[PDB]
Amino acid sequence: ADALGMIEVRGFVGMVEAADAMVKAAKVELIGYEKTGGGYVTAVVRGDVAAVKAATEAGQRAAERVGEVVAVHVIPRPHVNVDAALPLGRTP
Amino acid sequence: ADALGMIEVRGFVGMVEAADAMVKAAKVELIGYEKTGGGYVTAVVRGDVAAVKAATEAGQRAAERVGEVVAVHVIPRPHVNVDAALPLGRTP
Amino acid sequence: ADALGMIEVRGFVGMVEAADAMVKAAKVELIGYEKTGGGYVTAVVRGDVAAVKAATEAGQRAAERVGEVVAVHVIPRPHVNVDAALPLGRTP
Amino acid sequence: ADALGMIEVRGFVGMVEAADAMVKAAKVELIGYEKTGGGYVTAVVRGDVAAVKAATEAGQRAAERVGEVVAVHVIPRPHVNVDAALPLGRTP
Amino acid sequence: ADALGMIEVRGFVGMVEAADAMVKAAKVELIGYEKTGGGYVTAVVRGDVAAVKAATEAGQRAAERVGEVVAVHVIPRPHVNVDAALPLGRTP
Amino acid sequence: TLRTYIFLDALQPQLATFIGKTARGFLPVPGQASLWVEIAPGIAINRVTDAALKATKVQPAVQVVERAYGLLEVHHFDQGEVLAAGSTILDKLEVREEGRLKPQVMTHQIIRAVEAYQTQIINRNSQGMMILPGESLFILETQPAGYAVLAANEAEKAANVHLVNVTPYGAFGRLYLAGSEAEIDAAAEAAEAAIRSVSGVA
Amino acid sequence: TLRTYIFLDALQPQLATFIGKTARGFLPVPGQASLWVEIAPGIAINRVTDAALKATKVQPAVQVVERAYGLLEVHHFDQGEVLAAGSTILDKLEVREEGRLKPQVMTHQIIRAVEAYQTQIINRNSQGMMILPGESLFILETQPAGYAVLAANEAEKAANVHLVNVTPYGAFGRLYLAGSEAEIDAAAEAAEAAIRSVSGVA
Amino acid sequence: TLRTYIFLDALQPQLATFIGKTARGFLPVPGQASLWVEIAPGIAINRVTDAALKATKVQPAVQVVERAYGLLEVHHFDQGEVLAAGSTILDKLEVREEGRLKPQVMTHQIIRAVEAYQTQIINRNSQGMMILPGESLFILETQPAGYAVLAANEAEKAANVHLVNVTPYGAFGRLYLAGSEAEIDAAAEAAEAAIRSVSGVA
Amino acid sequence: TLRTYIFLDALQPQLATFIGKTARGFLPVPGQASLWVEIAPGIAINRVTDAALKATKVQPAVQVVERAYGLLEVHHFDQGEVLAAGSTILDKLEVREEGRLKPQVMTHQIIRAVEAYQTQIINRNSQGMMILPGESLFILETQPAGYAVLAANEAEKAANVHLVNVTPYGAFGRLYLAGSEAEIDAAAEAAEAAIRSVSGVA
Amino acid sequence: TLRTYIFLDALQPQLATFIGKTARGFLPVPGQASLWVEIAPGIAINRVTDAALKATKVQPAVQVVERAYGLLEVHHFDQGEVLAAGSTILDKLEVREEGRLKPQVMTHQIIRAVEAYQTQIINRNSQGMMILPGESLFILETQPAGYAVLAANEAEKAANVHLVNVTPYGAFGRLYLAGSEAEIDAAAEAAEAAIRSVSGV
Amino acid sequence: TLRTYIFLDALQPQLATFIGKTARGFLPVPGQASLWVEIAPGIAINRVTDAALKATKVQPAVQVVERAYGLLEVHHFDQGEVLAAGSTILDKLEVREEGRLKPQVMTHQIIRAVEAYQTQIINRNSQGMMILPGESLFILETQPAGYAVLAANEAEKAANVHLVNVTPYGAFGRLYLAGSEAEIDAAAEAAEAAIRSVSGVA
């Protein structure tokens, strides 16, 4: 299964800059974005483990200047129930 | 793949004033506005780089008189995945 | 020749939890374990560097709260003589 | 007779790292490993006098970063009774 | 054309102690001894350079306890005329 | 004055291949030992090289004279030959082992996911393996210039990276590496752990 | 006289990297569509290039006026631009699609486990990725010289190899590839099937 | 430390052609906007270049690292792209617009009617348009070296001269121009008026 | 075997400038009289050169031995010296004036309003003045190769163009000429009338 | 297709010096025994070289893949090693000793008392020792191109000359020698007698 | 600032041959006079060279500008012409004969019976006559850089040696010589007697 890298920012501008600097700094796939309400938006990139790790470590470094970065996380091998339950880019 | 400009305002009135100042300031195209919930709304203009770089500065100068401007940022060349997945006006 | 990941625990229980956390963390292959006497055992997984670098860190973070972790080390390319002479799960 | 190089490390991880340093830093024959209980494992390389003296330098330099190095030693010509009675690789 | 090690001792006893120390300290070949008269005798060992350079130092350190060591010198690559004309063990 | 005295106890294959690609001398093969000597001033190494060539079976590859940075690589299979050539070089210079300058790391940077336009500039001005677009890039400067080959040797020996360029001469030693991100991280760890584990005069 | 008209639908990254390493012109990036036209006499290609640059928005990398023959590369992302440039070139030359010379394979060889003494010479005399000792080599010549980029592109597309060298201009186009044994075997099968899949004039 | 930050808002055709004749990376076409950055130290531009290549659509030509004079040319049709690339470069360095060094003219000599024997040495050690025997020669040194392309751009933009050479690297920036006497006078006036109309740290 | 015997009565300044930019010998100046002798085999021209240097005081600029052919330039201010050197050469070779091969034009084309993408390539691999975008171009190949300097010389004797690149040794002698439209039209008319006015052996 | 198979029993020091000045490979020392195999097409020599390196311990110096031809040099001190490498090469190509092309002399000239205006061009356009004005010059073309190294070696083995240049790969093998008059005359006699004593096709 | 002003009153043949092998300019012949003027700074010699060429019949070979060491050689048969060119150069600079720096000998070494491995590195990085194995080697540094050709001329003039590489441009002047042992001894004596017999300012 492909990996997972999520950046949750309070603000759409920080999420767009995060999701831009993640795809400019690795070979990942920006599959979408999640709007959990109250200003919190989460950008999701997906690919092999070192690429999404470098992508989140660049997207955090880019989005802290233009917003409020709340969460930065990488899951290297998510279980298939997460991809089959949550809208995270690998729903069969 | 024109350049990108976003104004995030806590408040609809400041966002409408920012969107009014940006399209009067230069050659941009207000493609829409994103409502992340909780009062944050982000107006998006899209055009070539020295137009949006003056437009977002005029929108930051005007929208600080009326509301709480959270983030002002210009992306000079957005990646094709950002335009393809995120709702930033140029979905093919 | 895949990369090497070794977790040495003074105790069988911490080693089994370390091996479980490694094989649930990334895509590795638990090839076995070594019993060097005196209560020291060593779980050995093997996979490419991006997987095992995160796998051994997850195994160390999940093996400190169970047993006593002695050594954690990742060898990105073992030589063919180590795989031929020592029991590291790639004996020809 | 072929010259003898021995690295005794308290732990299997430091021994595998020391053997990986030795068989890459020179041109020796890693004949095996000796387990004397209590976590003391000894890697044995065996080449000529130029090779093992430069192999165990990298072994001592690379095994101190991962654990406890008990002993590092080079014998340039082991006596024939030592290779006849002790299992150090050249047992007839 | 292997390397060369020579220990000159004023006295037979120190030369025999040096020739006994050198062939134990490394893999060299004691080819002979040269009686130049007046008490000076020169033990000659022969092998690759890191054996003879670690052999003649141990032979000097052993033969200083018993006699008058005149000269200790190692020749890493003796010329083909030196091996061919002088009695240094490798006359074709 | 001895700036760099480093003994590469084994030449890993991309390093020996890259040295044999830009050798003004005899070409080395992988598996051999190696010795790099960088001194100040430069022309005196024209004597010193000859002393090594009169002493041992070693065989030189790169010998650069610039009146402030001499250079000499000598390589042979038997490591005793190369160590005795080192003793000959240090006896001709009348300096010691610890008299070498301790290398310091000036700048290490990892420039992950290089765009293609930068790869054109990097591979046109290099000789090693080509950098592909999207691969990472580890750049390095060491003081003095001679220890960059040591950094390249240990970085190849640890990880699975592509050797792009190394510069053993000049004011400071440059090193470029390419490959996937985790292997570039492991090679960066190898180069940093290999440079500052060298004893010498600060 | 049209000697080579080949249309690369997608540049594999090591091929485009090697071309942009040794090009006199605008450097291509991977993923672009390429077109190689080799004609005789060698100077008239300066006409032919102009025709493409009057019709489409294609962009040239390699325009080599060699000692006998003239080689043109043009490339662009949109394949409609490159195909319209090819139609403009074939109408300026007033020849058909299958008016090119049929490519002929002179020597196709797999050299398994190349010794170090050969590898040092091969990758001293090349400008690509270094062949390492112990790697299987694939050597290939095509006549005319312009079809070697087709073999390089297809052999990289259908395998996992390292491009050591390719020479798309001259009397005979040459290809040096290196890699593991099964991957060199798959690349050899793909290239030998791809060169014979081109029709033309015998 | 920012030594040179200059923005050539239009590449006049002999300058863009000379840049494209000695371009390391992607070579430009005339009519494009260009930007030259020279910094100290040198290898730190290898990061900074990539930053511009992540931000804008610009494409680089000359990227020279010499550990004390880095260099980066970028160029594109849209002047906003090149200005935003320069803003990205100045933000990555955390310096400002006025942090650049104010260029000083250190030698300007007009050699009227250069005879033939000197022209052989001048064109044998240059790349641009040839100097003819009997034509006037304007030579120029500017400090720092990166501002010489500005003087070359403005001297071509004002007068009808031939660009013999411009060296934008090293310690001092070199400019060789050739042509008839009044046109060389007007080009000299333009270059002297263009260099000292740049604001910066003295 | 005499392939080319051509006598330039006066070198135009761009032609002599271009020759002296890329000559392996004694550099000629504009206004001198020149004589180009290309023979096959290529080494035997070292006899022929000596013959001139045993008779007259003429001076050689270009004496180039190629893969197949050998080219000799000789030059002096006095046409009596150069014609006596030519008589010495034709008596050493024991041939006549018309024993030379008759020059054949393979491709004479005028490329009107050359695009910028091509003009960034033509002088990327040239040796003379830079073609500028928008300038019309005349390309030319003559066989044998030594006649092309005549194709250069008269083409500047009857027009005012820029000599881009003339290759006078080869299998195919090549000529590039840039400039404005009607002016290179007159240059092309003069060069095509100059080549067909040379008699010899078909 | 074998074009040139020549065997040098001993390299003269100026020849081995010039070869190791302009080689791409493992440089020979004077006194070694050498072997030159030029075949067509030029890429199959990459096979042929490998065959020698799978049989013997010889070292290759010059392995040049030309426009249409391909040249291999191998050398070692033991002539048994070099002759076994040659036997492995000739059995890999499945040809004989006389399957090589017989070399033709296209041009041989002794140019006496070369004046300075020619010597400057000759030495600028060479890679070996500098020609001096007043020295007699010997020029030579051998086809195929490999045999010129034989035409070098014997021409120094039976004279005392200065090797200006030798080009052993291309459509014509080239030799420039310079020296005193009698020594250039003896070198010319030795080189012509060495080239005309090679059998072939 | 005048660093080196030396008047080679006769070019001995290997020196004139070596200069005419690597001169970016007109080539000299043996028997002519010479004049090596080296100034500080560099680009001013572009005027000063012209000051020779207008005034006298002299004719230059080497003209190097590096903004710290501007160097010029001129040569002609008539020694009065070369002395008049020297007077014109020293009048243009407004310096005198004794304004030159007195040359000091930094490092002279006689390396006897050089082994064959070192000869490869020496002749691969040189242009003169090939050093043979077993022959002696004399290396020399002079301060300033321009006085190395004086020692080369006088050492060829005295003994029967082979000039290997004289480097007059750069930080300090290098000299390599080869040949038999007693001849290298006499040439070393001649070079040391020729350098320190020059008047100047220390």
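Order as written gives the chain letters A, B, C, D, E, F, G, H, I, J and K; numbering starts at 1 within each chain.
In the analysis below, a contact is a pair of C-beta atoms (placed from the backbone, for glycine too) under 8 Å apart; a residue touches a chain by one contact, two chains touch by 3 or more.
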Report which of I-K and E-F is connected by more C-beta pairs in contact.
E-F
Identify, among H-K, I-K or G-H, the interface equivalent of F-K, where equivalent means over half of the contact pairs coincide by residue number.
H-K
If I average the Cα coordinates per chain and compare with the overall Cα mean, which chain comes out closest?
F
Roughly how far is chain E from chain J, going centre to centre by Cα mean, in whole Å?
46
Need the CA-centroid distance for the pair chain C / chain E, whole Å please.
51
Roughly how many whole angstrom separate the Cα centroids of chain D and chain E?
30
Residue numbers in chain F touching 2 or more other chains?
25-27, 31, 78-80, 83, 117, 120, 124, 134, 180-182, 185
Could you list the positions in chain B whose residues touch two or more of the other chains?
none
Can you tell me which positions in chain I touch chain J when the two form their complex?
24-26, 41-44, 46-47, 49-50, 53-54, 59-60, 63-65, 67-68
Show which residues of chain A lie in contact with chain B when the two form their complex.
10-14, 16-17, 19-20, 23-24, 29-33, 35, 37-41, 66-67
Chain I to chain H touching residues, read off their complex
13-14, 17-18, 20-21, 27, 29-30, 116-117, 119-120, 123-124, 128-133, 162-163
Write out the stretch or stretches of chain D touching chain E in their complex.
1, 3, 48-50, 53, 76-77, 79
Going by the contact rule at the top, pick out the chain K residues touching chain F in the complex.
106-107, 109, 111, 114-115, 117-118, 120-121, 124-125, 137, 139, 141, 170-172, 174
